[PDB]
Amino acid sequence: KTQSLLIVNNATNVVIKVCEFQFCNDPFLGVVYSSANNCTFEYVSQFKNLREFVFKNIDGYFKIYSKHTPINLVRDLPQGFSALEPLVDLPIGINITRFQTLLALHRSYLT
Amino acid sequence: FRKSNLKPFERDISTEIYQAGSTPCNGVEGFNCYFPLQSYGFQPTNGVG
Ligand SMILES: *[C@@H]1O[C@H](CO)[C@@H](O)[C@H](O)[C@H]1NC(C)=O
Ligand SMILES: *[C@@H]1O[C@H](CO)[C@@H](O)[C@H](O)[C@H]1NC(C)=O
Numbered sequence: 113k114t115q116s117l118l119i120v121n122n123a124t125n126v127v128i129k130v131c132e133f134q135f136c137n138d139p140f141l142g143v159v160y161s162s163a164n165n166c167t168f169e170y171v172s173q186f187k188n189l190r191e192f193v194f195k196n197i198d199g200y201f202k203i204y205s206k207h208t209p210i211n212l213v214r215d216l217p218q219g220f221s222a223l224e225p226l227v228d229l230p231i232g233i234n235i236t237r238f239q240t241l242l243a244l245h246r247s248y249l250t
Numbered sequence: 456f457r458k459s460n461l462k463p464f465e466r467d468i469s470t471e472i473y474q475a476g477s478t479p480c481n482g483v484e485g486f487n488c489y490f491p492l493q494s495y496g497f498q499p500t501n502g503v504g
């Protein structure tokens, strides 16, 4: 009943769509989601890891900042300083109050 | 008609019956419950305006 935003990686692409989707209750993708309606924007471009992101939404734009570093801890955040460079400035034009992340599961445990 | 005003550079494509009163209309068009997207009336013999 409202528009929504969607960002997917495949380890080869970024798929950004601002169509009017109908979502699941456990939306994931198996090791796997495409259904659109009235779609107004579409964008494509190209534990020892840490990747950090900042999302802002103001005056029609969606701002994303990013930085990634190699890390050698177990299950914490490090102590030092590291600044995040800007990534992209998507002109989506919507209202956002909630969000949810997507995972890669092996089987399709659709509940 | 709309509930609250718009942000700068925000668009709104909504097809839902807007309640102008207290009774809830769950997909019912009625009294104090109507359709927000009203059309225009452009005919060539209209005055400028
Ligand atoms: C990854 O998934 C997206 C959407 O599911 C698709 O558009 C893209 O081409 C995929 N990349 C592959 C299969 O390499
Ligand atoms: C999709 O949007 C167009 C205009 O934006 C509208 O004419 C159409 O009815 C919409 N589709 C629906 C509500 O299924």
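Here the protein sequences line up with chains A and C, keeping their order.
Going left to right, the first sequence walks through residues 113 to 143, 159 to 173, 186 to 250 as the entry's author numbering numbers them.
Going left to right, the second sequence walks through residues 456 to 504 as the entry's author numbering numbers them.
Idealized CB from N, CA, C, for every residue including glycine.
Nearest CA to the CA of residue i: which residue from the options?
{"i": "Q493(C)", "options": "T470(C), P463(C), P479(C), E465(C)", "result": "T470(C)"}
{"i": "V171(A)", "options": "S116(A), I210(A), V120(A)", "result": "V120(A)"}
{"i": "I233(A)", "options": "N164(A), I197(A), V193(A)", "result": "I197(A)"}
{"i": "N125(A)", "options": "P209(A), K206(A), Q173(A), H245(A)", "result": "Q173(A)"}
{"i": "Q134(A)", "options": "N122(A), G142(A), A123(A), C166(A)", "result": "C166(A)"}
{"i": "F168(A)", "options": "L229(A), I235(A), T250(A)", "result": "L229(A)"}
{"i": "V127(A)", "options": "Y160(A), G219(A), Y248(A), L249(A)", "result": "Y160(A)"}
Give me the Cα-Cα distance between residue i and residue j, rounded to the nearest whole angstrom.
{"i": "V213(A)", "j": "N188(A)", "result": "11 angstroms"}
{"i": "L223(A)", "j": "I203(A)", "result": "10 angstroms"}
{"i": "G496(C)", "j": "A123(A)", "result": "51 angstroms"}
{"i": "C480(C)", "j": "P139(A)", "result": "31 angstroms"}
{"i": "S247(A)", "j": "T240(A)", "result": "17 angstroms"}
{"i": "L118(A)", "j": "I235(A)", "result": "12 angstroms"}
Less than 7 angstroms separating the Cβ of residue i from some heavy atom of ligand 1?
{"i": "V120(A)", "result": "yes"}
{"i": "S161(A)", "result": "yes"}
Tell me which same chain residues have a C-beta within less than 6 angstroms of the C-beta of residue i, skipping the five on either side of it?
{"i": "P225(A)", "result": "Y204"}
Within the same chain, show all residues whose beta-carbon is closer than 8 angstroms to that of residue i, passing over the 5 residues directly before and after it, in chain order.
{"i": "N164(A)", "result": "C131, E132, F133, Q134"}
{"i": "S116(A)", "result": "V130, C131, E132, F133, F135, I233"}
Next item on the list: With ligand 2 as the reference, list in chain order each residue whose Cβ lies under 7 angstroms from any of its heavy atoms.
Entry: Having a Cβ closer than 7 angstroms to some heavy atom of ligand 2 are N164(A), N165(A), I468(C), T470(C).
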